[PDB]
Amino acid sequence: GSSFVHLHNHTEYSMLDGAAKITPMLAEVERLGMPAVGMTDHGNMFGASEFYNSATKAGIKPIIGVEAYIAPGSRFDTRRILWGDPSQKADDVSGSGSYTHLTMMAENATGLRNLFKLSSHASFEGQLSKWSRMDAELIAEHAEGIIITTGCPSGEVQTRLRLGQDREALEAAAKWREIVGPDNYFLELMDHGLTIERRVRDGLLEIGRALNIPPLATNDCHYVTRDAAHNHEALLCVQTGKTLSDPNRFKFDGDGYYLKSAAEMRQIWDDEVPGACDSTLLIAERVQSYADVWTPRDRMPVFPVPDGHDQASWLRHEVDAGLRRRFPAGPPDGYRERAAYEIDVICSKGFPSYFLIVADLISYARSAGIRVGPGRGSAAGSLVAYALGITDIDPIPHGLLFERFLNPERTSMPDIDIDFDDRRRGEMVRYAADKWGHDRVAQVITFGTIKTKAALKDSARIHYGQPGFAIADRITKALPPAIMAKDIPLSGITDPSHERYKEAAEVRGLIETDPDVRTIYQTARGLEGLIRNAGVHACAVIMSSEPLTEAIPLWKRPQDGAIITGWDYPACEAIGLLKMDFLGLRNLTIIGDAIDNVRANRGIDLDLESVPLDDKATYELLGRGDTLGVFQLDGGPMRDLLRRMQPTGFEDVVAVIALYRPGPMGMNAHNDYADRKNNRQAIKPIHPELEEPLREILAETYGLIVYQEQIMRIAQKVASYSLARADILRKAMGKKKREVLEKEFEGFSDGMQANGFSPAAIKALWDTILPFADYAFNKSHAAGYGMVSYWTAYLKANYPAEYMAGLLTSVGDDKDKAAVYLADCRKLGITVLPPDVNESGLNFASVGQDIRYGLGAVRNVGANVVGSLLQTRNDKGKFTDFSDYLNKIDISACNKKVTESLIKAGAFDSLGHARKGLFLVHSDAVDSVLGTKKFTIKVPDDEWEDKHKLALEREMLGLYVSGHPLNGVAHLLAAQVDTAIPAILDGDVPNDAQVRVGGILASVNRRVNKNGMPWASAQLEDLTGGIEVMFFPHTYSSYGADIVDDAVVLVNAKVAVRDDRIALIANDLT
Ligand SMILES: CO[C@H]1C[C@H]2C=C[C@H]3[C@H]4O[C@]2(/C(C)=C/[C@@H](C)[C@@H]([C@@H](C)O)OC1=O)[C@@H]3[C@H](O)[C@@H](C)[C@H]4OC(=O)c1ccc[nH]1
Ligand SMILES: [Zn+2]
Ligand SMILES: [Zn+2]
Ligand SMILES: [Zn+2]
């Protein structure tokens, strides 16, 4: 009799329209001492999972419903239906005749199920624009355990009363009331202090009296506490796309839409309308628990097997067949024993079906010619896998362990992730759908969030319009660089305590000394941590043994009709649905293309299965550090390590991946491996006592602890641990729960003691392991990813030109990657030929010892334009001249834009016209010919300057191919430059000597030190080779204007030698 439950609230799932995050919201419900709360979002049930979980923990009853978007007529019909005369425009059916709101709440578990279904049918059958509409027809069929109200102002009853259609309003109420029932109909009354609500008040109370509808108070809250209303206003401007200054923008009137106290709400309503407040309590008593919806169940598909068999038996049979195929003349010793052990584990844990499903997917793919990758993650450690065809890496030779992948003692579920090539990953999703059902397979949702960089850009737009992007850019490009992907929080820039304060000085400078920047920043802080939009998970596919619609809410992406799921992946798996990960890889595609190029350019047919792992040529390449374009080995650091390591065998490759770990660089493990191997450093026993037990386990890695697998074996020998138990020890050591980690010492200590070890030795091993036990790599992953690295390297080493063509084709879109790769080709000696109209195809092509640029990779030119161009040439001649070109081409390819691009690229150079000439003539000529379609056009003799042509060519192609700037100026620099780049590289020059090098600048990189003062690093490449130059914070200020790519410069520097790297440190640029 003294409290109020709120039944109409909006969370942040009503995207860019609600502001109330669930944990803050439930904090307030507690402080105000209310029994229960409700959530009723706008045409979705996407946040039901988070809400149910949080309320149950914090002891509050959860009520879940939806605010539907109903349709004036049929859901299928997509014609706007206004209900009144033109003048009453702003008081009619909302969204210009599209929709009318309704409030629905789930009393029972049954009710919540029906509500999930109704929501799904709406996206499938009733989508108009961005609103998924139910209609009166749907709701009747699926209507048990739901409670409905006469609705907000934007609902039907109230819109009718506003326009004066009073009899019509009464008719609507009686319709909706019959659908649901006498007890499930309530009259909604809200007061916020405006007239539109007040005029109708008499109207509503009248209808209620006539039809005996009980009344209910609600407050339509979109935010938690009053101080926040300012923020709700900036949010609405993000959704609606209009500036704050603009008069006609959507807005709320006055800050009453918040979680009021019980006392506030009783005064406002208790005097005039008796019982509005008391009914809110009566509803809350009626709601029952929704636990059953969330109780976990077994819902994995069951694989069909031939007669006289079960899942177990068929697994055994398929394993046996696989062993024969791999080992034609008989399995080696012990292979049979490992298989039988593993099969029993899988069968005990009841996962036979899972393995068979994964196998079929790989087999179908192999038939169809889709490449599948060697292995990813932890799966390469199972023999059952290698036999079934899933994995192409043999467990037993390399020492990988089964317990890492599946642990006998623990209870969990296996996770296999599979890579398919980038282009044809799509077919796989479809095929899975075909095989298992269209109603049983779906993709999975992601919820996007606003972080620092996003919020700066939303704020600039709402304050300053579409012209605001330029300012937002300047601020965003002046933040300090990010540690993993995560970036400095917005609070951090201005708060002394936070660790990164020193780093952020530059941006703060602007905040304090510019009005506009300061205004953007203040709005931004409010817009952070809020959900912005829906998205779709990059790899996941959910599968079920039953129709998905009986378990979860679903939606259909409008563009392609794909089914997606309502809840996200942690949430789906919790109730027992199967997740599978199909990943895309682009390096798999490059491999396919280079094989095919050889078949045509030369005659060989190549099978990568039967290439030896010991090719001399591969290792010469890896050792010289020429690894641009090789999987995983691209970085500037990793190239230097490979130089020092000088690899000799496949084992050295598996290791280089795992030793550049975020720990090992600083924890200095990678310098050791290199030196121990090359006899510059001496192996060190951990302790004199323990040398001999642990000699073999650590011999491969020259005495260091590199792999997680090495750790599990150590525990076995010294402390006599079962490999299953050693597995638990690794995980616990990782998380560092101190109480457990303490207990861990007891077990380890006791075991080593019984074996007969000293107190001192026991202490030593523990001490060494803890540092090395958060930076230890999974060996299975490095073996699988090492193979792909080796294959890429072999193909580059034996067939140079054919490989580079496959590579350049894949990076057509990204013009920064293309620039890197095109310079590589030049140094290797390959000649890339300029694009051409008659002798080029869509993709780059290997023609003898050269490559011809692909037309599909010019800027602004698309697939469809080039497709048409080629057919014309096929059918109706070569293109003789520019005029002939204009005559023959169809309408689609006549665009002014396409034509100018090709002029600058050099596509018409063969035909013999000068480049500038075509450009000036192009505008008029296109029009004339296009007119006829719906000519001898003269070409002028003028040409752009060398520098400028190259600048423009770079724009369209990514780098210049026809010539190089230094060509033609190379001699000039030579006269003035005291020291050749080759000499200094060779080590001829004494350390710390003045020098005057000259060349072209490339790959300028911007860096900021701890105190925040910007500086730059660049490569001064000349005709042959280059030496790295560093311009320091002070240097960067005085001469910092000219440090931009592709500038011929003269640098005054100082020779600096360190750790086998020779570099220049410079002060003056002319
Ligand atoms: C969730 O975090 C990711 C980390 C990945 C991030 C960076 C690379 C990093 O580990 C990644 C990766 C995919 C790791 C796997 C262990 C995998 C687990 C779930 O199986 O994913 C992760 O752990 C990537 C790469 O494949 C391996 C070889 C690692 O690459 C390097 O460390 C590396 C350094 C230099 C070149 N490669
Ligand atoms: Zn709203
Ligand atoms: Zn509403
Ligand atoms: Zn509402």
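Residues numbered from 1 in each chain as written, not as in the entry; some residues may be left out. Chains lettered and ligands numbered in written order. Heavy atoms only, no water.

For this entry, the PDB record names cryo-EM as the structure determination method and reports a resolution of 2.9 Å.

**Q** Teacher, can you tell me more about the coordination of the zinc ion (ligand 4) here?
**A** Note on the zinc ion (ligand 4): its protein donors are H8 (NE2) and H10 (NE2). The metal-donor distances range over 2.0 to 2.4 Å. The metal-metal distance between the zinc ion (ligand 4) and the zinc ion (ligand 2) is 5.3 Å. Neither residue differs from the other here; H8 and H10 are each classed as buried. (Donors = N, O, S within 2.8 Å, 3.2 Å for Na, K, Ca; no water. Buried < 20%, exposed > 50% of the residue type's maximum accessible area, 1.4 Å probe, protein only.)

**Q** What is the right way to read the domain arrangement of the protein from this model?
**A** When the parts of a complex come together, some accessible area is lost, and that lost area is often taken as the interface size. Segmenting the protein into domains produces domain 1 (22–293) and domain 2 (447–536). Averaged C-alpha coordinates put domain 1 and domain 2 at centres separated by 35 Å. Between domain 1 and domain 2, the contact holds eight residues from the first and 11 residues from the second. In this assembly, domain 1 packs against domain 2 so that about 750 Å² is buried in total across both faces, 75% of it on carbon and sulfur atoms. Our enumeration of links across domain 1 and domain 2 arrives at zero salt bridges. Along the contact surface separating domain 1 from domain 2 lie one residue pair in polar contact. Class assignment of the residues belonging to the side of domain 1 that touches domain 2 gives a composition of six nonpolar, two polar and no charged. (Domains from an automatic or database assignment. Contact = heavy atoms within 4.5 Å. Buried area = accessible area lost by both parts, 1.4 Å probe. Salt bridge = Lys/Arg side-chain N within 4 Å of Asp/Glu carboxyl O. Polar contact = N/O pair within 3.5 Å; in protein donor to acceptor, adjacent residues only side chain to side chain. Nonpolar A, V, L, I, M, F, W, Y, C, P; charged D, E, K, R; others polar.)

**Q** Looking at this structure, how should I read the nonpolar core?
**A** One recurring pattern in soluble globular proteins is that nonpolar side chains are buried together. In terms of nonpolar packing, the biggest core is built from 88 residues, with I64, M104, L112, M134, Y290, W294 and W567 touching the most fellow members. Dropping the residues within four chain positions of it, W567 is found in contact with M45, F46, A48, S49, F116, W294, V444, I445, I552, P553, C572 and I575. In terms of nonpolar packing, the next biggest core, distinct from the first, is built from 87 residues, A658, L807, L930 and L959 among them. (Core = buried A, V, L, I, M, F, W, Y, C linked by side-chain atoms within 4.5 Å.)

**Q** Just to check I follow, could you spell out the coordination of the zinc ion (ligand 3) for this structure?
**A** Where a metal carries four tetrahedral donors, each ideal angle is 109.5 degrees; where it carries six octahedral donors, the ideal angles are 90 or 180 degrees. The zinc ion (ligand 3) binds to the protein through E67 (OE), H101 (ND1) and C152 (SG); the donor distances cover 2.4 to 2.7 Å. Between the two metal centres, the zinc ion (ligand 3) and the zinc ion (ligand 4), the spacing is 3.4 Å. Taken together, the positions of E67 in strand β2 (residues 61–70) and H101 in strand β3 (residues 100–106) put the pair 34 residues apart, joining distant regions of the chain. Residue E67 is classed as buried on the basis of its relative accessible area of 1%. A relative accessible area of 13% places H101 in the buried class. (Helix = DSSP H or I, 4+ residues; strand = E, 2+ residues; numbered from the N terminus.)

**Q** Can you walk me through the packing of helix α29 (residues 708–719) against helix α30 (residues 723–735) in this structure?
**A** Any two packed helices are characterised by the angle at which their axes cross and by the distance between the axes. Put simply, α29 and α30 touch, their axes get as near as 9 Å, and they point 125° apart. On the basis of their axis angle, the class for α29 and α30 is oblique. When you trace α29 past α30, the crossing you get is right-handed. Contacts between α29 and α30 involve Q708, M712, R713, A715 and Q716 on the former and, on the latter, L723, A726, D727 and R730. Taken together, the residues of the contact of α29 with α30 sort by class into four nonpolar, two polar and three charged. (Axes fitted to C-alpha atoms, helices over the stretch in contact; angles between N-to-C directions. Parallel < 35°, antiparallel > 145°, perpendicular 65-115°, else oblique. Left-handed = near helix turned anticlockwise from the far one by under 90°.)

**Q** Sorry, what's going on with the sheet that holds strand β24 (residues 1048–1058) here?
**A** Backbone-to-backbone hydrogen bonds pair the strands of a sheet. The strands run either parallel or antiparallel. Read across the open sheet, the six strands follow the order β20-β24-β25-β23-β22-β21; overall the sheet is mixed. Taken across any chain shown, the strands that pair with only one partner, and hence form the sheet edges, are β20 (994–1000) and β21 (1002–1008). Between one strand axis and the next, the sheet turns through 35° on average, direction left out of account. In this structure, β24 lies alongside strand β25 (residues 1061–1069), joined through eight bridges in antiparallel fashion. Looking at the pairing, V1055 lines up with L1064 of β25. (Pairing = 2+ DSSP bridges.)

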